[PDB]
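One structure is given here, and the rest of the page talks about it.
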Ligand SMILES: Nc1nc2c(ncn2[C@@H]2O[C@H](COP(=O)(O)OP(=O)(O)NP(=O)(O)O)[C@@H](O)[C@H]2O)c(=O)[nH]1
Ligand SMILES: Nc1nc2c(ncn2[C@@H]2O[C@H](COP(=O)(O)OP(=O)(O)NP(=O)(O)O)[C@@H](O)[C@H]2O)c(=O)[nH]1
Ligand SMILES: Nc1nc2c(ncn2[C@@H]2O[C@H](COP(=O)(O)OP(=O)(O)NP(=O)(O)O)[C@@H](O)[C@H]2O)c(=O)[nH]1
Ligand SMILES: [Mg+2]
Ligand SMILES: [Mg+2]
Ligand SMILES: [Mg+2]
Ligand SMILES: [Mg+2]
Ligand code: NA
Ligand code: NA
Ligand code: NA
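Chains as they are written, first to last, in the entry's author numbering: chain A, 1 to 61, 70 to 166; chain A', 1 to 61, 70 to 166; chain A'', 1 to 61, 70 to 166. A prime marks a further copy of an entry chain.
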């Protein structure tokens, strides 16, 4: 059975844990819990293939160099977290020693009205990296499966 | 004589104290003074009614649950303070145990040129909460009476 | 030989040192080095005049009141640094006891895709101060000579 090693990175509070727990357990963690298990496993069918997702949920700035693909997460109501993405991408480029790493840019908290990052800004950043941009809500589940499954489809192209 | 219990909330440095002192004393505090009295009282006539404003000027994150109406203040040159509004609104929703609380969204420092929050962004956030948006300058007095008097008119609808 | 006393100011990490080292030594400092010499000297020809640039590279918040002209630097991928410009300008206004100080607003890191400050936002802020806006990249050298030489041309108008 094929295993996909996914690593979730991005600034503190963007919803890395909430996104991963929504995917794995179909539950929204509505609080900020600073003691959540980093390692998640799930058997899923993606495009007719039974596979294992091995997910590492990292802390807002080892884990990195074992990763096959990366979710780079910011929050659409957190301009600083969007600006911080380049530093996370530079870290991934350094550990993978490549500018061709399977990666999805994730704009989380898309359920919230206080948007300070336009879809077009994030599309432009993702384009500059040669990666897809997907908006998600860990709260409503919008885009959550799409973000993780798209990352698997990006790993399959590597 | 009718008393209106107003509470001013929002991020550090957005001008909660400057706004309240401009309303009450017709003076602009041009410095950042970290030891300002939290409690203000003023007898005013609003729509022909002689009334008392009992204003609590809170610190950038009791006071809350006694409040009848809330000014949720950000600065139009402070994107983080605009993003922080949702956390202040969530706090008000928690203490008032209602999503129908008399509230005005205030975009302060509208005299400044370094605008990073568009009027339309703030209008959209206020719309999502079902509340008015008003821009103010504690410096020029623009919108200051309008912000506080509108909050009184919102309390009168509750 | 005419000496131009230039002072580079702005928030931590915007690239004040990278800009000054790119101008003086034609090298991009790709790391964040917290122990860089503050004082730079260079003999240059600007509009046919052989002159000395005496440059003071300040830390993200003496140096100030000796300055004849100021580069006020933010990063186009750092909204907070753009918002912080007004505080640096207010400091310059205080030490020079004038609202007519030779000054250029510099939008640095223009090579980066994660733009959160629009050119038009910065043009509007610069217009409000009566100063030019120039975009730079300490990395590619885009606009670097233009920023410093424009500041010299602003000092010559004082
Ligand atoms: N409204 C909304 N809130 C969200 C969403 N995702 C996360 N949150 C909220 O944002 C806060 C932080 O979420 P969390 O998953 O702990 O963030 P994190 O990126 O893992 N933080 P850290 O890096 O410190 O571990 C929580 O209160 C959570 O409920 C979302 O999509 N919508
Ligand atoms: N230009 C301008 N400056 C303002 C305006 N309102 C406040 N300020 C300035 O912003 C700074 C902070 O104001 P202040 O009222 O102390 O903010 P606060 O929200 O009460 N801060 P805290 O939460 O720490 O008590 C002061 O230097 C003040 O002069 C405004 O409308 N325009
Ligand atoms: N991509 C890019 N990076 C830049 C640019 N200018 C600076 N940097 C990077 O940004 C970081 C900070 O640069 P630095 O010059 O040290 O900033 P500073 O304004 O002097 N910081 P401080 O106020 O603490 O002294 C460095 O890693 C540097 O390589 C630029 O134009 N483009
Ligand atoms: Mg977490
Ligand atoms: Mg914007
Ligand atoms: Mg105060
Ligand atoms: Mg420096
Ligand atoms: Na890439
Ligand atoms: Na409401
Ligand atoms: Na000026």
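Virtual Cβ for every residue (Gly too), placed ideally from N, Cα, C.
Have a look at residue i and residue j and give me their C-alpha separation to the nearest angstrom.
i, j, result
"residue 93(A)", "residue 61(A)", "11 angstroms"
"residue 43(A')", "residue 59(A')", "24 angstroms"
"residue 98(A'')", "residue 84(A)", "31 angstroms"
"residue 8(A'')", "residue 91(A)", "23 angstroms"
"residue 131(A'')", "residue 112(A'')", "11 angstroms"
"residue 51(A)", "residue 27(A)", "22 angstroms"
"residue 157(A'')", "residue 36(A'')", "23 angstroms"
"residue 117(A)", "residue 127(A')", "21 angstroms"
"residue 72(A)", "residue 108(A)", "15 angstroms"
"residue 125(A')", "residue 87(A')", "6 angstroms"
"residue 54(A)", "residue 20(A)", "11 angstroms"
"residue 105(A)", "residue 145(A'')", "24 angstroms"
"residue 165(A'')", "residue 89(A'')", "28 angstroms"
"residue 70(A'')", "residue 40(A'')", "16 angstroms"
"residue 151(A'')", "residue 80(A'')", "14 angstroms"
"residue 148(A)", "residue 17(A)", "15 angstroms"
"residue 101(A'')", "residue 138(A)", "45 angstroms"
"residue 2(A)", "residue 46(A)", "11 angstroms"
"residue 57(A'')", "residue 103(A')", "49 angstroms"
"residue 29(A)", "residue 23(A)", "12 angstroms"
"residue 122(A)", "residue 134(A')", "9 angstroms"
"residue 34(A)", "residue 129(A'')", "37 angstroms"
"residue 119(A')", "residue 155(A')", "15 angstroms"
"residue 95(A')", "residue 48(A)", "42 angstroms"
"residue 153(A)", "residue 75(A)", "19 angstroms"
"residue 12(A'')", "residue 162(A)", "36 angstroms"
"residue 38(A'')", "residue 110(A'')", "20 angstroms"
"residue 141(A)", "residue 10(A)", "14 angstroms"
"residue 6(A)", "residue 143(A')", "45 angstroms"
"residue 31(A'')", "residue 32(A)", "33 angstroms"
"residue 25(A)", "residue 136(A)", "33 angstroms"
Taking C-beta pairs closer than 8 angstroms, name the residues in chain A'' that residue i reaches, listed in chain order.
i, result
"residue 120(A')", "94"
"residue 91(A)", "85, 86, 87, 122, 124"
For residue i, which residues in chain A fall below 9 angstroms Cβ to Cβ?
i, result
"residue 136(A')", "120, 121, 122"
Between residue i and ligand 7, is the CB less than 7 angstroms from at least one heavy atom?
i, result
"residue 33(A)", "no"
"residue 132(A')", "no"
May I ask whether a heavy atom of ligand 1 can be found less than 7 angstroms away from the beta carbon of residue i?
i, result
"residue 121(A)", "no"
"residue 104(A')", "no"
"residue 155(A)", "no"
"residue 151(A'')", "no"
"residue 13(A)", "yes"
"residue 147(A)", "yes"
"residue 117(A)", "yes"
"residue 77(A'')", "no"
Run through chain A' and tell me which residues come within less than 7 angstroms of residue i, C-beta to C-beta.
i, result
"residue 132(A'')", "121"
Pop quiz: residue i and residue j are said to be a contact at Cβ under 8 angstroms. What is the actual Cβ separation, rounded to whole angstroms?
i, j, result
"residue 78(A')", "residue 14(A')", "About 14 angstroms separates the two Cβ atoms, so there is no contact after all."
"residue 4(A')", "residue 160(A')", "5 angstroms"
With a threshold of 7 angstroms, establish whether the CB of residue i neighbours any heavy atom of ligand 8.
i, result
"residue 108(A)", "yes"
Is residue i near ligand 10 - that is, is its Cβ less than 7 angstroms away from at least one heavy atom of it?
i, result
"residue 96(A'')", "no"
"residue 137(A'')", "yes"
For ligand 9, I want to know if residue i counts as a neighbour, meaning its beta carbon is within less than 7 angstroms of at least one of the ligand's heavy atoms.
i, result
"residue 141(A')", "no"
Shorter than 7 angstroms, the distance from the beta carbon of residue i to the closest heavy atom of ligand 6, or not?
i, result
"residue 36(A')", "yes"
"residue 92(A')", "no"
Closer than 7 angstroms to a non-hydrogen atom of ligand 3 - does that hold for the CB of residue i?
i, result
"residue 17(A'')", "yes"
"residue 10(A'')", "yes"
Report yes if the C-beta of residue i is less than 7 angstroms from at least one heavy atom of ligand 5; otherwise report no.
i, result
"residue 124(A'')", "yes"
What I want to know is whether the C-beta of residue i ends up closer than 7 angstroms to one or more non-hydrogen atoms of ligand 2.
i, result
"residue 29(A')", "yes"
"residue 59(A')", "yes"
Subject >> Residue ranges of each beta strand (DSSP E) within the region 82-156 of chain A, 3 or longer >> reply: Runs of the beta strand (DSSP E) inside the region 82-156 of chain A: 111-116, 141-143.
**OP:** Note down, one range per segment and in chain order, each alpha helix (DSSP H) of at least 4 residues found wholly within the region 13-54 of chain A''.
**Re:** Annotation: the region 13-54 of chain A'' contains the following complete segments of the alpha helix (DSSP H) (minimum length 4 residues), in chain order: 16-25.
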